[PDB]
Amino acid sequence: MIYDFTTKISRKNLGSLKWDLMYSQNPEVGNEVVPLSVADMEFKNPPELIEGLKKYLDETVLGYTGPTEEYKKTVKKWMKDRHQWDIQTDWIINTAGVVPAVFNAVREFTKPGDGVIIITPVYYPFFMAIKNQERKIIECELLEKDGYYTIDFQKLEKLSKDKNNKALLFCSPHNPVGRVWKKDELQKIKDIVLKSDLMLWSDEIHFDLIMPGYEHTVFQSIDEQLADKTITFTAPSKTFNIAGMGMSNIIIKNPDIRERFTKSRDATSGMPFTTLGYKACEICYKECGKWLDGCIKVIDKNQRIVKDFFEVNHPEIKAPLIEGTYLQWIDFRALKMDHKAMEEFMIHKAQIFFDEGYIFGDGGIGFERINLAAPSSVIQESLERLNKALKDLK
């Protein structure tokens, strides 16, 4: 089919959390502005998805629904074909979303007072999942060298020596810095984890969005023993812009860990009964592979436009290329504005809506995260508006 990645769309007054946030922040925002914040695409969904769901509505009843064996096989085939990862269909545990699955993980495998290690700066909900449940947030700050982030293995090893720490909440690819971890880096983290009593919770929700030139590696696929104590969070929501269909595939090899995760899930959120949620995942995996490839190309072209934009108009600001996700990390520190004032500047002067770096942790202070999943023309419009705003700032 013909794929549209050029049509500027409008989600105004449609229930989009992203757009509604924008208007709430700047009621006077211009009608031509597009928000570049929340992680969902400003592209229509795969045509095959839409046709498939419509066709499905005429063949099924919208009552209590669970995953069929075909659905499970389909999920399993996607992991082999796309990630050289062999999973068992009975390793699949469904939740309405990854975040709830992470909260459920904290709740079941740790208690109040226990420590949970997160590598910061990172997707803020990681923090909430931990602190909002009386658990201790143990930060292993990423090392930032000239804009490239790497893991402080020394600190990580030290942290794993504290018995009060019960798990490593890992993000791969890493939102917001866009790091796609190398096998070497993963192997090092592995020895440390295998030497400690830490469980591995690996949020790999962005694993299908890898920029040309790089390759994602499912963390638990590199070692049997590691897998034995790893919970990998995955979904097709980010990959195919369906965070609104409410379906996730939590991969858990260890039968005990898996049953414990389930019993904890059933006493909190329960099993997802969504009928179209399962179906949307199955269709995307079976029929939307080409759409994803086209989408990745556009995303790659966008990160390069953003990078060239700053090199041409405001060199002291840097927007380096990323390895994964469609969220680019932009260093605005040379602008010398305190994050609150910068945010103010961005929202009301440039009417450009990023995900202010500071919300991912203090290490994100001075940075901005731009959502690259939009037509290249929308990105150019936004940047040109920022160009005028930064020039006026002088």
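The first residue of the sequence shown is number 1, and the count goes up from there.
- Look at the C-alpha B-factors of 115-123 and of 261-269. On average they run higher in 261-269.
- Of the two segments, 50-58 and 326-334, the one listed with the higher mean B-factor is 50-58 (C-alpha atoms only).
- When the C-alpha B factors of 195, 182, 77, 206 are read from the deposited coordinates, the top value falls at 195.
- The residue among 70, 356, 344, 42 whose C-alpha atom has the highest B-factor in the PDB entry is 344.
- Among all modelled residues in its chain, residue 27 ranks in the highest third by Cα B-factor.
- In this PDB entry, the Cα temperature factor of residue 94 sits in the bottom third of its chain's modelled residues, the lowest group.
- Ranked within its chain, residue 147 lands in the middle third, by CA B factor from the PDB record.
- Among the modelled residues of the chain, residue 311 sits in the middle third by CA temperature factor in this PDB entry.
- Among all modelled residues in its chain, residue 377 ranks in the middle third by Cα B-factor.
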